[PDB]
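For reference, the structure discussed in these notes is given below.
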Amino acid sequence: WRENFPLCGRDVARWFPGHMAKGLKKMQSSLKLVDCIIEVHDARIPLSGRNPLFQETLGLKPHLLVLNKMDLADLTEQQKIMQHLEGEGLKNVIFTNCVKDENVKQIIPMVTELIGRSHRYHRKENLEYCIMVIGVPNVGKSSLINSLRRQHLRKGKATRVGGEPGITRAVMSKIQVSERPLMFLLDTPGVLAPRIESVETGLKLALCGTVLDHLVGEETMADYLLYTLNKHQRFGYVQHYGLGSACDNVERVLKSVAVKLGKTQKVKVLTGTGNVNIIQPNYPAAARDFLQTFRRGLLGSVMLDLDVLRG
RNA sequence: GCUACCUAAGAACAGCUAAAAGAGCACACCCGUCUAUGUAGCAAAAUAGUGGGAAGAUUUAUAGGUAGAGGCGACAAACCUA
RNA sequence: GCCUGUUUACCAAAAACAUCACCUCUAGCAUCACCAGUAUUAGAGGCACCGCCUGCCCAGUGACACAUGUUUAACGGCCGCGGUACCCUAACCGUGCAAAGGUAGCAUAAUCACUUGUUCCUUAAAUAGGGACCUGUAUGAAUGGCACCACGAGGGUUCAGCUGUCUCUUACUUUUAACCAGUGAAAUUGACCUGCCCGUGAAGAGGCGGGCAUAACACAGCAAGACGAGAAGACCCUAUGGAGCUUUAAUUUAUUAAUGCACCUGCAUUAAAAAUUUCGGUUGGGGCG
RNA sequence: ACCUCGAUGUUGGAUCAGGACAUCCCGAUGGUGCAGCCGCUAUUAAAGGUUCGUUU
Ligand SMILES: *P(=O)(O)OC[C@H]1O[C@H](n2cnc3c(=O)[nH]c(N)nc32)[C@@H](OC)[C@@H]1OP(=O)(O)OC[C@H]1O[C@@H](n2ccc(=O)[nH]c2=O)[C@H](O)[C@@H]1O
Ligand SMILES: Nc1nc2c(ncn2[C@@H]2O[C@@H](COP(=O)(O)OP(=O)(O)CP(=O)(O)O)[C@@H](O)[C@@H]2O)c(=O)[nH]1
Ligand SMILES: Nc1nc2c(ncn2[C@@H]2O[C@H](COP(=O)(O)OP(=O)(O)CP(=O)(O)O)[C@@H](O)[C@@H]2O)c(=O)[nH]1
Ligand SMILES: [Mg+2]
Ligand SMILES: [Mg+2]
Ligand SMILES: [Mg+2]
Ligand SMILES: [Mg+2]
Ligand SMILES: [Mg+2]
């Protein structure tokens, strides 16, 4: 740990493919079949960047927030997470975990009276509550369909689940979720943003895996773990990957893990005499494997919002 | 007499790494992933390269068996003389 | 998707089918499959190796009720210190002192008498109970979901190299080519002495109208037109034209399987297997009359 | 529902582009709330030109 991040004109990365451009006009074509809107985010990013569009555009149905990924999260400061959301205007938040289905039972109260607290306009006679989940990629929207299908319908899996952003393609059909009070979920492709706030807020959202690692950079994401595992005093990468004691240079930490994993690469280096090939430790493969252990949870439960928690 | 499966009694499977592996590399063999040529063609489905398997749920010679309201089928509602 | 395998000979090799393992169903048995077998077997299937946990459709009173824990109980070694002994070897006395203790009530698995159920009489409404008696009151289950260790001519993504893929093509060689010689097809083809522009027209003209152009013929290229050639468009519709398949469509039960007034045979009932025949007209995309 | 169901093949792309001008640039002018620079608009002009990538 030396100081903060020298971004030095890093510039925001931007990924807006045909998923979110086409999805938005198929999401906005279907607000007559929606009784509630579910916001699903990472618990690593509750406050800093949620979404530019989704907050103020969608106001007709009331909001409920589902901050998923609570197993890789420390909630000693749960009291003030509510504080920044209460001051925003966001009232109810349900933190969920989706391997033991922890606190996933508790939402099934908290949707039923919420539609009852408000008006329904057209669907005054319908007993079937068709509700919609929307959000940025890779946060827990498709697993929320399958966890809620598991513990209430006791039926099974209805949506493809496996960790890489963008392998669900478009707006699919309805999915039965429960028999006790009836409720249908609509699955959406993850609309992230046309523009992503600032540069620092861009990397906080890019770190959880919601964007491909190519447009941002594997070693660019690699140094930002060293910002958040050394300045937070959460030195939790030194019992799995303990190199000598602890380091803050991205050059040194990608060195020693490549020895421990046995990584080799053959790179055309460009010296002044000509093009020669030198065998090097595989710095992208070291930047890959250092990022996967972060997402598995074998590096420590971290908050990414300590920079905005200061004050 | 093709083909699908079966019966009878037969045959084939180098070298290499490993040891009793429906193991790995790889011939002979079997199959046909991709490309190109070919499209009245060499061929009513082939050639050249690249590929999958190649001691096994393998491949194959010979003789027999099941026949159409049927046979046979590791279901492609495939195959039963184009 | 577990894997090796398997499949549409001739447009699909796959994520499909198969696969151990697991689960459900049927069968207590001989001489022609199963099988010269016998429930750890055989058949019919489902799912896909192994791995992980979710509680249960015995209705009552009251008592049985476990360590673990709680209901709650005494005394002394090494050594330290103050003294009395005294060349010394070092002693003696008076003390301080850790752990060590597990009677025994009690939420609390062990298993059962009791309006409690059967049956039968009064009302001839159930007056609302009298009885007669007693039901070893059969082990209290057993099904869904998750899950990457390898593997893959599977579907995506990526690091690095690499190379005419590309920027931007070039050179050469062979085949082809063109020409000379020999042999010699095929689709195609109303007749054509077969131009361009604008207009026209069955709505896109070589042929019609008004202009324009125009000696005649070979050879090599080109692919804009001849709605170019090949195959009575696979999409849409029609036919009281077919066929495959499925049923809770109609008509049937001869046929097999059961019983009826040992098998056979003759008439009935309930099923299984099927057989035969059709699927009006008017809006078809409807946001589902 | 007019031509074609005795076959008029389906978007973009590659290649080659022919044309219109209702002009995006270059050229020539009128007006400006046109100081200069940038512009805005109109007239005139089709000779020439109109890039390379990321994303299924
Ligand atoms: P990649 O090379 O990006 O894929 C190319 C795509 O071509 C498609 N396509 C061919 N012909 C089409 C057509 O007549 N009409 C459409 N709408 N698309 C056509 C196309 O879609 C089928 C391809 O990409 P994908 O299949 O991956 O889907 C993206 C596709 O979605 C459409 N879209 C995106 C965003 C938005 O705001 N509106 C849209 O309509 C685009 O067509 C886009 O290509
Ligand atoms: N180590 C670990 N992994 C988890 C945990 N929970 C979820 N995962 C992982 O994340 C899951 C993937 O989530 P998924 O909904 O498929 O994300 P996605 O990549 O955006 C897929 P799609 O594009 O279809 O929406 C699984 O791959 C895997 O179980 C956890 O508690 N621990
Ligand atoms: N560690 C952990 N991760 C979880 C848990 N639950 C959900 N996740 C994660 O949530 C992520 C999935 O988000 P996802 O539902 O796929 O977002 P999406 O919008 O559908 C992606 P797309 O853009 O394609 O639409 C995954 O990285 C992973 O499953 C959990 O209990 N633990
Ligand atoms: Mg099938
Ligand atoms: Mg009639
Ligand atoms: Mg009608
Ligand atoms: Mg037609
Ligand atoms: Mg014709």
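A note on labels: chains of the structure tokens are A, B, ... as shown, every chain counts residues from 1, and ligands are counted from 1 in their shown order.
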Compile the contact shell of residue A:238 as a ChimeraX atom specification: residues with an atom at most 12 Å away, counting only C-alpha atoms (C1' of nucleotides), same-chain residues fewer than 4 positions apart removed. /A:226,229-230,234,242-247,253,256-257,290,298-300
Would you export the selected residues with C-alpha atoms as a PDB file, in the first residue's frame, please?
```
ATOM      1  CA  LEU A 226      -4.346  -4.290  -5.289  1.00  0.00           C
ATOM      2  CA  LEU A 229      -7.066  -5.446  -1.038  1.00  0.00           C
ATOM      3  CA  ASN A 230      -4.278  -3.260   0.368  1.00  0.00           C
ATOM      4  CA  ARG A 234      -8.210  -6.609   3.857  1.00  0.00           C
ATOM      5  CA  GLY A 242       1.102 -15.641  -0.180  1.00  0.00           C
ATOM      6  CA  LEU A 243       4.082 -14.473  -2.200  1.00  0.00           C
ATOM      7  CA  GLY A 244       6.534 -13.224   0.361  1.00  0.00           C
ATOM      8  CA  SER A 245       4.440 -11.147   2.738  1.00  0.00           C
ATOM      9  CA  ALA A 246       2.351  -8.647   0.721  1.00  0.00           C
ATOM     10  CA  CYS A 247       3.039  -6.352  -2.257  1.00  0.00           C
ATOM     11  CA  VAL A 253       2.385  -9.906  -7.827  1.00  0.00           C
ATOM     12  CA  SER A 256       5.169 -14.901  -8.139  1.00  0.00           C
ATOM     13  CA  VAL A 257       1.751 -16.402  -8.872  1.00  0.00           C
ATOM     14  CA  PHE A 290      -5.937 -13.522 -10.036  1.00  0.00           C
ATOM     15  CA  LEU A 298     -11.437 -17.198  -2.174  1.00  0.00           C
ATOM     16  CA  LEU A 299      -9.891 -13.745  -1.695  1.00  0.00           C
ATOM     17  CA  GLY A 300     -12.128 -12.130   0.945  1.00  0.00           C
TER      18      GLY A 300
END
```
Near chain D, meaning an atom within 8 Å, which residues of chain A appear when counting only C-alpha atoms (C1' of nucleotides)? Write them as an NGL selection string. :A and (15-18)
A:139, A:306, A:215, A:221: which is nearest chain C, counting only C-alpha atoms (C1' of nucleotides)? A:215
For ligand 6, list the contacting residues at 8 Å or closer, counting only C-alpha atoms (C1' of nucleotides) and all ligand atoms, as a PDB file with N, CA and C atoms (P, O5', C5', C4', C3', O3' and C1' of nucleotides), in the first residue's frame.
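This went into pocket14.pdb:
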```
ATOM      1  P     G C 281     -64.949 -26.174 -45.861  1.00  0.00           P
ATOM      2  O5'   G C 281     -65.886 -24.896 -46.000  1.00  0.00           O
ATOM      3  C5'   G C 281     -66.772 -24.758 -47.099  1.00  0.00           C
ATOM      4  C4'   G C 281     -67.800 -23.684 -46.847  1.00  0.00           C
ATOM      5  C3'   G C 281     -67.264 -22.286 -46.595  1.00  0.00           C
ATOM      6  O3'   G C 281     -66.899 -21.605 -47.780  1.00  0.00           O
ATOM      7  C1'   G C 281     -68.923 -22.791 -44.999  1.00  0.00           C
ATOM      8  P     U C 282     -65.627 -20.623 -47.789  1.00  0.00           P
ATOM      9  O5'   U C 282     -66.067 -19.399 -46.869  1.00  0.00           O
ATOM     10  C5'   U C 282     -67.055 -18.479 -47.304  1.00  0.00           C
ATOM     11  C4'   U C 282     -67.471 -17.551 -46.193  1.00  0.00           C
ATOM     12  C3'   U C 282     -66.381 -16.667 -45.613  1.00  0.00           C
ATOM     13  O3'   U C 282     -66.068 -15.542 -46.415  1.00  0.00           O
ATOM     14  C1'   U C 282     -67.640 -17.612 -43.857  1.00  0.00           C
ATOM     15  P     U C 283     -64.552 -15.011 -46.489  1.00  0.00           P
ATOM     16  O5'   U C 283     -64.240 -14.511 -45.009  1.00  0.00           O
ATOM     17  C5'   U C 283     -62.907 -14.474 -44.519  1.00  0.00           C
ATOM     18  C4'   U C 283     -62.788 -13.601 -43.295  1.00  0.00           C
ATOM     19  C3'   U C 283     -61.431 -13.593 -42.608  1.00  0.00           C
ATOM     20  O3'   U C 283     -60.524 -12.696 -43.225  1.00  0.00           O
ATOM     21  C1'   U C 283     -63.166 -13.815 -40.993  1.00  0.00           C
TER      22        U C 283
END
```
Compute the set of protein, DNA and RNA residues whose minimum atom distance to ligand 8 is at most 12 Å, using only C-alpha atoms (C1' of nucleotides) and all ligand atoms, and state it as a count of residues only. 12
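Between atom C1' of residue C:113 and atom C1' of residue C:61 there is a distance of 11.0 Å.
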Surrounding residues as a list in words, ligand 1, max 12 Å, only C-alpha atoms (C1' of nucleotides) and all ligand atoms: residues 16, 17, 18, 19, 20, 21, 22, 23, 24, 25, 26, 27, 28, 166, 167, 168, 169, 170 and 191 of chain A; 10, 11, 12, 13, 54, 55 and 56 of chain D
Within 8 Å of ligand 4, counting only C-alpha atoms (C1' of nucleotides) and all ligand atoms, residues as a ChimeraX atom specification: /B:75-77 /C:16
Hey, can you spit out that residue selection with N, CA, C and O atoms (P, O5', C5', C4', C3', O3' and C1' of nucleotides) as a PDB file, in the first residue's frame?
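The result, written out as again04.pdb:
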```
ATOM      1  P     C B  75     -31.537 -45.870 -31.737  1.00  0.00           P
ATOM      2  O5'   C B  75     -32.362 -44.516 -31.613  1.00  0.00           O
ATOM      3  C5'   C B  75     -32.019 -43.363 -32.373  1.00  0.00           C
ATOM      4  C4'   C B  75     -33.240 -42.559 -32.762  1.00  0.00           C
ATOM      5  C3'   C B  75     -33.902 -41.755 -31.642  1.00  0.00           C
ATOM      6  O3'   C B  75     -34.465 -40.567 -32.184  1.00  0.00           O
ATOM      7  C1'   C B  75     -35.466 -43.244 -32.561  1.00  0.00           C
ATOM      8  P     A B  76     -33.620 -39.211 -32.245  1.00  0.00           P
ATOM      9  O5'   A B  76     -32.872 -39.308 -33.641  1.00  0.00           O
ATOM     10  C5'   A B  76     -32.738 -38.173 -34.475  1.00  0.00           C
ATOM     11  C4'   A B  76     -32.811 -38.552 -35.929  1.00  0.00           C
ATOM     12  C3'   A B  76     -34.152 -39.061 -36.425  1.00  0.00           C
ATOM     13  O3'   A B  76     -35.096 -38.029 -36.651  1.00  0.00           O
ATOM     14  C1'   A B  76     -32.422 -40.433 -37.260  1.00  0.00           C
ATOM     15  P     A B  77     -36.624 -38.230 -36.205  1.00  0.00           P
ATOM     16  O5'   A B  77     -37.028 -39.608 -36.876  1.00  0.00           O
ATOM     17  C5'   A B  77     -37.512 -40.684 -36.092  1.00  0.00           C
ATOM     18  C4'   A B  77     -38.193 -41.712 -36.954  1.00  0.00           C
ATOM     19  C3'   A B  77     -38.571 -41.239 -38.351  1.00  0.00           C
ATOM     20  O3'   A B  77     -37.513 -41.480 -39.261  1.00  0.00           O
ATOM     21  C1'   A B  77     -40.444 -42.249 -37.288  1.00  0.00           C
TER      22        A B  77
ATOM     23  P     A C  16     -28.383 -33.913 -25.632  1.00  0.00           P
ATOM     24  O5'   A C  16     -29.915 -33.987 -26.042  1.00  0.00           O
ATOM     25  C5'   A C  16     -30.351 -33.526 -27.310  1.00  0.00           C
ATOM     26  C4'   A C  16     -30.943 -34.641 -28.133  1.00  0.00           C
ATOM     27  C3'   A C  16     -30.498 -36.041 -27.749  1.00  0.00           C
ATOM     28  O3'   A C  16     -31.024 -36.555 -26.513  1.00  0.00           O
ATOM     29  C1'   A C  16     -30.113 -35.774 -30.019  1.00  0.00           C
TER      30        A C  16
END
```
Proximity to ligand 2 - best of A:178, A:280, A:239, A:97, only C-alpha atoms and all ligand atoms: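 The answer is A:97, which sits nearest to ligand 2.
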One number please: atom CA of residue A:189 to atom 24 (O, counted along the ligand's line) of ligand 3, in Å, one decimal. 5.0 Å
Between C:242, C:161, C:209, C:80, single out the one closest to chain A, counting only C-alpha atoms (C1' of nucleotides). C:161
Expected answer as a PyMOL selection string: chain C residues within 8 Å of chain A, only C-alpha atoms (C1' of nucleotides): chain C and resi 144-145+158-161
Nearby residues, ligand 3, 9 Å, only C-alpha atoms (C1' of nucleotides) and all ligand atoms, as an MDAnalysis selection string: chainID A and resid 19:20 40:42 68:72 96:102 133:145 160:171 187:192 208:211 295:297
Residues of stretch 6-141 of chain A classed as strand (DSSP E) by DSSP on the backbone are to be reported as a list in words. residues 37, 38, 39, 40, 41, 42, 63, 64, 65, 66, 67, 68, 93, 94, 95, 129, 130, 131, 132, 133 and 134 of chain A
